[PDB]
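Because the Cβ atoms are built from the backbone with ideal geometry, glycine has one as well, and the counts that use them run over all protein chains shown. Coordinate-derived values only; no laboratory data.
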Amino acid sequence: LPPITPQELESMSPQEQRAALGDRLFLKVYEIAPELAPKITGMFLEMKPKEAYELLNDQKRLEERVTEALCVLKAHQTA
Amino acid sequence: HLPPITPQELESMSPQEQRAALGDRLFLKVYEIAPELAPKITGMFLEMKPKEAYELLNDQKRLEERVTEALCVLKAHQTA
């Protein structure tokens, strides 16, 4: 999917923002954690739209948020 | 442990005074959760808005959640 412009993000409803950001976040997370990509994307969609949008423009920040999300899920695993 | 900060004191303190007051009380609570990394975790909390750091002193569950989140941010910053 082509990137969302900053002008489109401010023009979308919260429902439209979630669908547009969620589809692009899922594809990028799928390249890092394919099995937990739907679960991690749902965690990302709880952030503010501006915060989730920065993940689509900074690869290094997206990797750290995925690593952070995996660590939080691992922390709750009473292994 | 220090006595809790009242909401009226927080609004009357300067930004530097808020850091000292919140930082001392946040450190004592985080120390009971992560004693070794408590100073670094407290510094991460002091970058939040004063109202948000104050809620961590009044909500135990959210405090534990933010510490776990802060610990996971530190793990993500590993060079190796």
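Looking at A:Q77, is it exposed (fewer than 11 other Cβ atoms within 10 Å of the Cβ) and more than 17 Å from B:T68 (Cβ to Cβ)?
Values: exposed (fewer than 11 other Cβ atoms within 10 Å of the Cβ): yes; more than 17 Å from B:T68 (Cβ to Cβ): no.
So A:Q77 does not fit the description; no.
B:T68: among the β-branched types (V, I, T), out of contact with any helix residue (DSSP H, G or I) (no Cβ under 8 Å at 6 or more places or on another chain) and within 14 Å of chain A (Cβ to nearest Cβ), yes or no? Full working, then the answer.
Numbers: among the β-branched types (V, I, T): yes; out of contact with any helix residue (DSSP H, G or I) (no Cβ under 8 Å at 6 or more places or on another chain): no; within 14 Å of chain A (Cβ to nearest Cβ): yes.
No; evaluated as a whole, the condition is false for this residue.
Across region A:52-63, which residue is nearest to the other protein chains (Cβ to nearest Cβ) among those that are over 9 Å from the mean Cα position of the chain (by Cα) and not polar (S, T, N, Q)? Don't jump to the end; show me each part of the working.
Of region A:52-63, the ones over 9 Å from the mean Cα position of the chain (by Cα) are A:54, A:57-61, A:63.
From what is left, the residues that are not polar (S, T, N, Q) are A:54, A:58, A:60-61, A:63.
Values: A:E54: 15, A:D58: 14, A:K60: 10, A:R61: 10, A:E63: 8 Å.
If we take residues in region A:52-63 being over 9 Å from the mean Cα position of the chain (by Cα) and not polar (S, T, N, Q), then A:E63 is nearest to the other protein chains (Cβ to nearest Cβ).
Do you know which residues across region A:1-59 are among the charged types (D, E, K, R) and outside any helix (DSSP H, G or I)? Explain how you work it out, then say what you get.
So in region A:1-59, the residues among the charged types (D, E, K, R) come out as A:8, A:10, A:16, A:18, A:23-24, A:28, A:31, A:35, A:39, A:46, A:48, A:50-51, A:54, A:58.
Of everything in region A:1-59, those that are among the charged types (D, E, K, R) and outside any helix (DSSP H, G or I) turn out to be A:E31, A:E35, A:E46, A:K48, A:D58.
State which residue pairs qualify: first residue on the phi > 0 side of the Ramachandran plot and inside region B:66-80, second residue of a type in the set (K, R) in any location, beta carbons under 6 Å apart, and separation of 6 or more residues or different chains.
none
This table checks each residue for (1) of a type in the set (F, W, Y); (2) out of contact with any strand residue (DSSP E or B) (no Cβ under 9 Å at 6 or more places or on another chain); (3) crowded, with 17+ Cβ neighbours inside 10 Å.
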| position | (1), (2), (3) |
| --- | --- |
| B:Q16 | no, yes, no |
| B:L28 | no, yes, no |
| B:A38 | no, yes, yes |
| B:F45 | yes, yes, yes |
| B:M48 | no, yes, no |
| B:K61 | no, yes, no |
| B:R66 | no, yes, yes |
| B:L71 | no, yes, yes |
